[PDB]
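# Examination of the molecular architecture
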Amino acid sequence: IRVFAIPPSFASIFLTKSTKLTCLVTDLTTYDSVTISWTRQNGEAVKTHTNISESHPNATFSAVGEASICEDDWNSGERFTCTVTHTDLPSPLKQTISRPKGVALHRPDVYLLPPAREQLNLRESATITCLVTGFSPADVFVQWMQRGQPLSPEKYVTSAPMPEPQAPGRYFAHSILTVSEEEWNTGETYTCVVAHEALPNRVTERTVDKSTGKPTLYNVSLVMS
Amino acid sequence: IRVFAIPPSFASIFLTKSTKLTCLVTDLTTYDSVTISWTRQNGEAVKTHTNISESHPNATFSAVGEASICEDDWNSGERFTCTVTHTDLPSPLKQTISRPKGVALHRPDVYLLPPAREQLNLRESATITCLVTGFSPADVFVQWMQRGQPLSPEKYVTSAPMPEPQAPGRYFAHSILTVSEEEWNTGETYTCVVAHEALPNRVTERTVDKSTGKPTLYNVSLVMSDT
Amino acid sequence: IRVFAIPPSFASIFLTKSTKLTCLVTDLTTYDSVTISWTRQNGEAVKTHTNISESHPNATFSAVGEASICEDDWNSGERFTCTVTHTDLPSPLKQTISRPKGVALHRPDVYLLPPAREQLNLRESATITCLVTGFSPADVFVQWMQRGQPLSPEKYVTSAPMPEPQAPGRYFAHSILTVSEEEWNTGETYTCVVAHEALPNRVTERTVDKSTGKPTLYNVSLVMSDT
Amino acid sequence: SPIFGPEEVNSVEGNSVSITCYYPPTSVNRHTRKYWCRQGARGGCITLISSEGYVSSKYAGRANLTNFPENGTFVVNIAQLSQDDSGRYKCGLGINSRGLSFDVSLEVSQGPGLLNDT
């Protein structure tokens, strides 16, 4: 009998554009006749959830309220409440959620670093690091798009926001991608898209290429007599 | 007695994030007894629209009411109507408005081009041209960004979309950023942002700097002799 | 019933010395007995107009008003008037056109940017941007020319003038051309020409092929004999 | 070398100044670029005003440039001088990179006084 509510996460809302928060009630015993709802600051009526999971492996009861909203509503600084009137709980359990307003506003500065040669010497697979840093709050969402087509999350990984050591409270993150050498010398635009709420357009991106450097070089041939 | 309702546009909504719909009239008189009512499909509430129009130099009247709402709903396809109740006619006058589904979609692909050597030869002022391409539908938008803060829309000029000749009515457009080459000699990556509904993240950027057309290799062959 | 008054281009004159001036009305009603009269500023009429339009297929009905004058007269800059007298609105509408006075002369500075290497990787089509700049008055003319054969305009699209952000008076324009990359990869240079009345012999032009425009490769092989 | 003008010109702040530079009256020099550029310890003229219309962003309203092909001359008028304008300059024609040009020195000083006793 424990109430949790997952707020709509900016990464999730980006991949979805369907802002969604769900109240999970944990370790409830498997009763029924259970009234679980989602309410606004005025307790306003929401649409109901769907697809409750099966009963818990420890034979307990999981109550989840799936409600779709307008994105502004959560960013408008307006609280939400999910209420449960369980058998054991003689009263509705109205819990209030609010976004942590007051957190600092720090946009990232993506520096998509290119792969040095050493790995491009076993001729097997280049490795591309989409370094992200200098930003807060957390929940940056990063993914790689290719020449107009997305990359499903197999091809890349990213960390979770790790606070910057020396810089004050803030964050960075990692991400990685691997591709074989006969790609990264073939074309292969390889842009790396960063989704974070403090960007002006809320979304930036960068890219590099085999030739993102390799500066002016001379074949000066000087024959004299 | 003709009334228009202005539809929000990606340029507009993106510049506002706050899609708002308003209405305008032709050939009516400028008094009270003005009933601006914005409707849902079946006619739900209108926001408290304020700052209405005034009497027009020819004494025509246009009644304006904005309704800032959520954003997906217009994308969701909800027909909206503009009903008025004036002193000049008693009969209700309602203007349907909605998001016009129909014509297919085509992504753009911005190509940025760095200023001609010749122009840098004059070393006079560098113009960078941002050239959007072959997309659908219309209502693209652009603004110029460097070091993350933007530049005034006066520093550049884009004519609105043109049809493309070779392909069918997939469109194109172009804006040109002109800058002191005495600055484009310094770095200043100067990227050009593009907004288009067909865009899988709605917003793309490319960019260029001096080191974007620089030739890789020289191949000098000097054969000084006296023969 | 909407009338376009069409003054001939300076280019049309200078390539014809035949300064026909016309005015078209678009999407009116094609009755018969459609009457439009060309008159000077004096009210005095001028030469007639033959080969006049007929009913359009899509109801966007039309009527061309042809005329002629002496070139110096237009250089003198006096108002010219074709007036529509048809029973649709037998009220005589007034189409008065002239030549502005006081515009200074300024030259096109035709650079010519080559297609971005990125576009060469989508592997089909290439685009070249003939540019004109910093010129007065308006109404430059351009076309594209290559291998001594002209390029029928449906390949290229051209802008119209619109003021510089920086230059208070000077307009500019564009032109765009789309070509298969292999065709541009073939070598196969291209020449864009401009004609405009501040240009000495009235006509300058520039060219570019793969090699000229933004080459990665500089291959000089110079020999200096007998120092 | 075939361009000709005044070597050094002095004035004090708040005043106007007008500089004349000369070229042979041939066809091209009557019909081609004239410029006023400023160099420094960084290797290159930065253009400040041109005969084609462009005026530097720091010189808008401050100055302009006019050409009198009949005199075989072009004139540069500078007003609202300051001590930040004193340095080495060049009049010239054609592409800035070559030297169909002439070097000019400019020294601006503040308007002294404040002494009613002198």
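Calculation rules
- Residues numbered from 1 in each chain as written, not as in the entry; some residues may be left out.
- Chains lettered and ligands numbered in written order.
- Part of a larger assembly, values for the part shown.
- Heavy atoms only, no water.
- Residues with missing side-chain atoms left out of burial classes, pairs and counts.
- Buried < 20%, exposed > 50% of the residue type's maximum accessible area, 1.4 Å probe, protein only.
- Helix = DSSP H or I, 4+ residues; strand = E, 2+ residues; numbered from the N terminus.
- Pairing = 2+ DSSP bridges.
- Disulfide = S-S within 2.5 Å.

In terms of determination method and resolution, the entry is listed under cryo-EM at 3.3 Å.

## Considering the pairing of strand β9 (residues 141–146) of chain B
All names here are of chain B. Of all six residues in β9, five are buried; the element is thus mostly enclosed. In the sheet, β9 pairs with strand β13 (residues 191–195) via five bridges, with the strands oriented antiparallel. From the neighbouring strand, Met145 faces β13, where its bridge partner is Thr191. The pairing of β9 with strand β10 (residues 149–150) spans two bridges and is antiparallel. Its bridge partner lying in β10, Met145 is registered against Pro150.

## Side note on unusual backbone geometry
Between A:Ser136 and the following residue, A:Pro137, the backbone shows a cis peptide bond with an omega angle of 5 degrees. Within the secondary structure, A:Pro137 sits in the loop between β8 (126–135) and β9 (141–146). Here the residue pair C:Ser136 and C:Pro137 is connected by a cis peptide bond, since its omega of -10 degrees sits within 30 degrees of zero. Within the secondary structure, C:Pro137 is located in the loop between β8 (125–135) and β9 (141–146). In the Ramachandran plot, A:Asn51 falls in the positive-phi region, its phi being about 60 degrees despite a non-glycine side chain. Summarising the element assignment, A:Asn51 is placed in the loop between β3 (35–39) and β4 (60–68). A positive phi angle, near 55 degrees, is found at C:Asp27, a position not held by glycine. Taking the relative accessible area as the measure of exposure, C:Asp27 reaches 36% and is therefore partly exposed.

## Some remarks on the sheet that holds strand β16 (residues 217–218) of chain A
Strand order in the open sheet formed by three strands is β16(A)-β15(B)-β15(C), with parallel pairing between adjacent strands. Among the strands making up the open sheet, the edge pair consists of β16 of chain A together with β15 (217–218) of chain C. Inspection of the sheet shows strand β15 (residues 217–218) of chain B paired to β15(C) by two bridges, in the parallel sense. In the sheet register, B:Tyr218 faces β15(C), and the bridge partner there is C:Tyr218.

## Some remarks on the state of the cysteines
Overall, the coordinates contain nine disulfides over all chains when judged by the stated rule. Paired by a disulfide, C:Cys23 and C:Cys82 hold their sulfur atoms 2.0 Å apart. With C:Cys23 in strand β2 (residues 22–28) and C:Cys82 in strand β5 (residues 80–85), the pair connects residues that are 59 residues apart, well separated along the chain. We classify C:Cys82 as buried; its relative accessible area is 2%. Residue pairing for D:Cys37: its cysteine sulfur links by disulfide to D:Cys45, the two sulfurs lying 2.0 Å apart. Judged by its relative accessible area of 9%, D:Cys45 is buried. Counting only the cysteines that take part in disulfides, in the order they occur along chain D, gives the pairing 1-4, 2-3. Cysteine C:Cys70 remains unbridged, with the sulfur of C:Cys82 as its closest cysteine sulfur at 19 Å.

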